[PDB]
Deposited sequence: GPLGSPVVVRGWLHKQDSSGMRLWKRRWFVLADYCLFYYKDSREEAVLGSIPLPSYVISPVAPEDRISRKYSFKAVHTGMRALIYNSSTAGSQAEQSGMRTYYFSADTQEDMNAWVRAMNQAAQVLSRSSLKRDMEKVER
């Protein structure tokens, strides 16, 4: 059921350049996020169908290392950052596989 789980920083949706560390789970074609890795009470969800996920580009003007974005096909863009390059790459690949269902 779960494809991948782990910590990501997520940028706030109001453009204040604030990053919050949440625990993410990809399951059922969606991202679910939680306060921590206990996976107790889901805080929110981003269903992935039709999103395109990629490492950030220069024009995104994101400074945080290992950052990537999910763009809704802009209807809405989410920015995430992982703690390692390997984990970034694994999330981009998993999220695109789900989004391309």
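- When the deposited sequence is numbered from 1, the segments without any C-alpha atom are 1 to 5, 79 to 97, 126 to 140.
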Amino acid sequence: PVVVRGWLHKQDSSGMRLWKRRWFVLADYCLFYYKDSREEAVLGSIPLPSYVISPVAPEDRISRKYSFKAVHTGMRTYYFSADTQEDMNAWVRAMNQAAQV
From here on, numbers count along this sequence of modelled residues.
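- When the mean C-alpha temperature factors of 14 to 22 and 78 to 86 are read from the deposited coordinates, 14 to 22 comes out higher.
- The PDB entry reports B-factors from which the mean C-alpha value can be compared for 60 to 68 and 30 to 38; the larger average falls on 60 to 68.
- Placement of the Cα temperature factor of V52 within the chain: highest third of the modelled residues, per the deposited record.
- The deposited CA B-factor of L8 belongs to the lowest third of values across its chain.
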